[PDB]
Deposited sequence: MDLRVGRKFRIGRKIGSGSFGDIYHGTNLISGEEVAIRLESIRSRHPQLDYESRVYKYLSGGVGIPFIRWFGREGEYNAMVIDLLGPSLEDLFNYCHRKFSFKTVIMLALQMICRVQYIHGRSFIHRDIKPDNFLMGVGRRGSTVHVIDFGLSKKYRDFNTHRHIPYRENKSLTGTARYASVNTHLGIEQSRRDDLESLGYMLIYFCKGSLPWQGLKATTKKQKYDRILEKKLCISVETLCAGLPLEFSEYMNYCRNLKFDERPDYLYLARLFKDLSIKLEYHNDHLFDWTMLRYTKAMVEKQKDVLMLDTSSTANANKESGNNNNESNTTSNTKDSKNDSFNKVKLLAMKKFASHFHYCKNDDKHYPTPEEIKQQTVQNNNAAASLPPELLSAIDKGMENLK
């Protein structure tokens, strides 16, 4: 079970495994693919990782190639995905966490696009926090569906094309992806927009649909994405979220996104909400509070204490809201958070 010269395959995670550099003892991750795969992808994915190497929050690939009857890829060991953490937090994130996530993910996408690639599978499962002290950094994974959208030298954009079949995940797919249009930079950013809204509101209104065929499900999703107003979609969110969505839906096919303009939506908002970009995420504070306590109902209790102790960090979308709340309206929740409630309030101060 040796890979390259110095890496040993350990337990499954997991065709991805824990691994170990035998010289240094560093824990890594190791992805295997059979050379009898009908649809090889790992060599392509390795090569994209390698071309993207050096960008912030891009997993660093340590080794890749053929080993025995496997293609193998040795890469940084990362932590939980955003979908895992979303579940850990019972499927809603605070505005602060979504903002801090948005700021990092926009930079990740900007970096990838600046290397002439589009990801094409932007979704919560494909962003992981680092392990340990790197838990503060959002990383991007799974480049198997990525694609070069312009020439490396001339920056000549790939041609406008129609009739493409949907790839990959319908829930976060852009409207133009549903319509069969060649994906480009705008579509990565639109998907990231659906994620942000999903994180804030707890769901997207086209989840849980059923149909008689694959195509019919996709089209029922498309109709909701097309026919729902941005106001309904973004109900209860500060205006920045609908402006982000409106911006992505208006980008032309070959158009260079103004990434700084989009980052400024969230950075300017963070300042108005009095959030420091301190990488203190919802899970970080929930996990910490539970640690102190232990010295679904149980979670609700931990959460109540966390939101009391960290009253100015935990502001949530109210899904009954029909309007976009102002920052002052959102910050009223700090007062409510401190107004909640003996031996437990004592332990929390401690």
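Note: segments 1-2, 17-21, 303-338, 385-388, 398-403 of the deposited sequence have no C-alpha coordinates in the structure.
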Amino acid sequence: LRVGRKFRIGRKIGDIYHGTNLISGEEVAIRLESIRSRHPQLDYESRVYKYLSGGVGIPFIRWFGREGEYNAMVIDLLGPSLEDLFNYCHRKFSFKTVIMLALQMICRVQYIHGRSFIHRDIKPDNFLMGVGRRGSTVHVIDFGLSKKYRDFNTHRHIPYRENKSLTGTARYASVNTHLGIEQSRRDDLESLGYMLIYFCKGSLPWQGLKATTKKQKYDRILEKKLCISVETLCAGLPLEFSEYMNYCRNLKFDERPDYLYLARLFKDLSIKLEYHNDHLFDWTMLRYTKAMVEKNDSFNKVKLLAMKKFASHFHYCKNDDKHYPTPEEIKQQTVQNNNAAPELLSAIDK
From here on, numbers count along this sequence of modelled residues.
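Stretches 271-279 and 255-263 differ in mean CA B factor, with 271-279 having the higher one. The PDB entry reports B-factors from which the mean C-alpha value can be compared for 297-305 and 64-72; the larger average falls on 297-305.
Of all the options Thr212, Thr169, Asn250, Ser203, the entry's greatest CA B-factor is assigned to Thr169. Sorting the modelled residues of the chain by their CA temperature factor places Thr154 in the highest third. Among the modelled residues of its chain, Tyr49 has a C-alpha B-factor that falls in the lowest third, as given in the PDB entry.
Among the modelled residues of the chain, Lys164 sits in the highest third by CA temperature factor in this PDB entry.
Among the modelled residues of the chain, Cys317 sits in the middle third by CA temperature factor in this PDB entry. Annotation for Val28: CA B-factor lies in the middle third of the chain's modelled residues.
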